[PDB]
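Engineer: model this:
(3 chains)
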Amino acid sequence: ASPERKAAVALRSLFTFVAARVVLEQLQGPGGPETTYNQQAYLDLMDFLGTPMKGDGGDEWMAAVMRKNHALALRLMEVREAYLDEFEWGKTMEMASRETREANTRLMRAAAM
Amino acid sequence: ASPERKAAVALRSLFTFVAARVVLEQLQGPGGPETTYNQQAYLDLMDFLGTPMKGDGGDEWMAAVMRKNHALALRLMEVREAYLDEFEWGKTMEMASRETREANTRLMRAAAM
Amino acid sequence: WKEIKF
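Structural biologist: Numbers count the residues shown, from 1 in each chain, chains lettered A, B, ... in the order given. The structure is reproduced below:
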């Protein structure tokens, strides 16, 4: 993989994961999953979070979820795609750059005499 | 830590890694390190690549390298900062997003009737 | 002597 490719796949898994956390909290809502179906969704999601998110970007994990609970998979997919519009890539890129420069500076300063 | 923070710190470790690979190849002469100095730097870098670069952008690793071989650490730092201007951040986010949307589409199409 | 992977 290129470094960019590696990073892309890893971002994809981060988004799937963020999506799972979001849906889990929403299913909880105030004082419990409402419908019997959402209760099922809650339990399936908790089951599936006990398993490592296989597939590039979490896709193997998503497919397994979809087989067990299609309604849940649709929601998880909707949320991770929605998260593409909210994730602050600029901030990320900014932090990665600034902190690289800052760490280099502090390391070099420290070793200098 | 935010998802953006998580991603930033992970990128920083990627860059440190890329920098180590770049410098390792540089040091490897045509058919082996040629100078006594490049040989020492080569061996120190090989030794340090057998040790994990923690989840801290690779800075703890860099500090240890700097203690052992200050010349090598300066070059590694120079290369990882330079790489901030080579890494294709736009392509990276573009791939992560498009492939998220494309995987969702393929999964949903497959499950639909 | 190493396959250096990330």
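Engineer: Would you mind getting the angle between the lengthiest helix in chain A and helix B:3-27?
Structural biologist: As far as residue count goes, and with DSSP state H defining each element, the longest helix of chain A is helix A:3-28. The directions of helix A:3-28 and helix B:3-27 differ by 160 degrees, with axes from the mean of the first three to the mean of the last three CA atoms, to 10 degrees as the criterion.
Engineer: how about the residues of chain A near chain C?
Structural biologist: Within chain A, the positions near chain C by CB under 8 Å from any CB of the partner chain are residue A:6. C-beta here means a position set from N, CA and C on the backbone, and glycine is covered the same way.
Engineer: All the helices of chain A, residue numbers only.
Structural biologist: Taking DSSP H as the criterion, chain A carries its helices at A:3-28, A:36-49, A:59-68, A:70-83, A:89-111.
Engineer: could these be laid out in TSV, adding mean neighbour count?
Structural biologist: Converted to TSV, the helices of chain A look like this (neighbours: other CB atoms under 10 Å in any protein chain shown):
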stretch	mean neighbour count
helix A:3-28	19
helix A:36-49	15
helix A:59-68	18
helix A:70-83	19
helix A:89-111	16
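Engineer: Output the ones you listed in CSV; the columns should cover distance to residue B:113.
Structural biologist: Formatted as CSV, those follow (distance: least, CB to CB, whole Å):
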stretch, distance to residue B:113
helix A:3-28, 24
helix A:36-49, 19
helix A:59-68, 13
helix A:70-83, 11
helix A:89-111, 36
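Engineer: Could you double-check that residue A:4 lies in contact with residue B:90?
Structural biologist: No: with contact defined as CB atoms under 8 Å, residue A:4 does not count as touching residue B:90 (9.4 Å).
Engineer: residue contacts, the closest residue to chain C within chain A?
Structural biologist: In chain A, the residue that lies nearest chain C is residue A:6 (7.0 Å; CB to the nearest CB). Contact partners of residue A:6, counting by CB atoms under 8 Å, 6 or more residues apart in numbering or on different chains, are B:14, C:6.
Engineer: same check, this time on residue A:42
Structural biologist: With contacts defined as CB under 8 Å, 6+ apart, the neighbours of residue A:42 are A:24, A:27, A:28, A:33.
Engineer: Out of those, flag the one nearest to residue B:13.
Structural biologist: Compare each of those with residue B:13 using CB to CB and the shortest gap goes to residue A:24, at 27.7 Å.
Engineer: ok, the closest one touching residue A:45?
Structural biologist: Yes: with contact taken as CB under 8 Å, residue A:24 and residue A:45 are classed as touching, separated by 5.6 Å.
Engineer: Residue A:18 versus the residue of chain A closest to chain C, what's the distance?
Structural biologist: Shown here: residue A:6 relative to residue A:18, a distance of 19 Å by CB to CB, to the nearest Å.
Engineer: cool, and residue A:25?
Structural biologist: Residue A:25 sits 11 Å away from residue A:18 when distances are taken as CB to CB.
Engineer: Kindly report the same for residue A:55.
Structural biologist: Relative to residue A:18, residue A:55 is positioned 16 Å away (criterion: CB to CB).
Engineer: How about residue A:98?
Structural biologist: Separation of residue A:98 from residue A:18 (CB to CB) stands at 23 Å.
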